[PDB]
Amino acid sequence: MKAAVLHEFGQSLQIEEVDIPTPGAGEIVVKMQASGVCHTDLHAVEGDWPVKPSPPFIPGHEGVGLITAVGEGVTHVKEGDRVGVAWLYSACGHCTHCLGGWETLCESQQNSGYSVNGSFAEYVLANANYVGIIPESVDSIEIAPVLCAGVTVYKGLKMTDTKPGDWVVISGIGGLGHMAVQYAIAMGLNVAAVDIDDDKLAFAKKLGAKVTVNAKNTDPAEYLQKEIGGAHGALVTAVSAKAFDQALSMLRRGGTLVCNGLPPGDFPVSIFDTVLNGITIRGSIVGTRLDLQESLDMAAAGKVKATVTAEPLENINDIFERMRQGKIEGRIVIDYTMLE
């Protein structure tokens, strides 16, 4: 089967031939129709993070396709079912985290396209108990980004501890952020969108953000303090020092900021004002099986729709380069019927 393989961190991936896997007990093989690509896949192939892949490996944790083989003992899915291969490839199922519905925190979890081969190949070996069940009505290319961007922003909004009618700021209206506006609206929130690109901000308004502000033209924190009295919640999708700090300043007292991705390093942080104002700072970066199901249902109900561009597998190094310089709009999805 065709796969994009990373042999050495920071090298181009090689489209090459590899064996189709076969499933052991508890496993399935899924033939990919589509695979999302995101910045996480870029961190994987550059070996950026403290805990790294072991090359050679196949990246990708946003695969949609049909089950072509079922392993021993699997009964809740079957051949022909359409499923999703997401970041959480497996978890132990016995620890305090797994037992309490927080399997995203399991210390022995495996991650698709990172600690094991992923969705950048024509076929993927998966743990049947951890794949997403894809709703009937949806398109495979369009739904793929829900498996990563969608579930992420959705769980991240839940982690803002906000409620219908509250105001949430979405900082950064890119790959994640355009999904975040949509989930926030579906969750009955009023949205304030902040970015530095005017078109992104128009897109946000079209997706239902009643307030927008361009951080390059205007102090976002002064404007939102005056306009909405400060946000109840903030979801920071592009974590740079400045966006984080501005997002803190955009909150009312008792507000919650959720960092929805990993910044590159530490960066100084208010503390003093943070405690005075009863602020909460939390990370949230993926979602549980149930979060992913809820995410997918919202999409199937038409409440959320990803902007995608479909490309052949062969373009994956080009795609990374464009990513390296924020040239991507919406999300990029590999389409496995594009036979170059």
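Throughout, we count residues from 1 along the sequence that is shown.
In this entry, the higher average B-factor at the C-alpha atoms falls on 259-267, of the pair 259-267 and 246-254.
Look at the C-alpha B-factors of 203-211 and of 126-134. On average they run higher in 203-211. For the set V64, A44, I28, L276, the PDB entry puts the maximum C-alpha B factor at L276.
For the set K216, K155, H97, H232, the PDB entry puts the maximum C-alpha B factor at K216.
Annotation for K52: C-alpha temperature factor in the middle third relative to the rest of the modelled chain, per the entry. Sort the modelled residues of the chain by CA B factor and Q225 lands in the highest third. When the modelled residues of the chain are ordered by their C-alpha B factor, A3 lands in the middle third. Compared with the other modelled residues of the chain, the Cα B-factor recorded for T162 ranks in the lowest third. The PDB entry assigns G113 a C-alpha temperature factor belonging to the lowest third of its chain's modelled residues.
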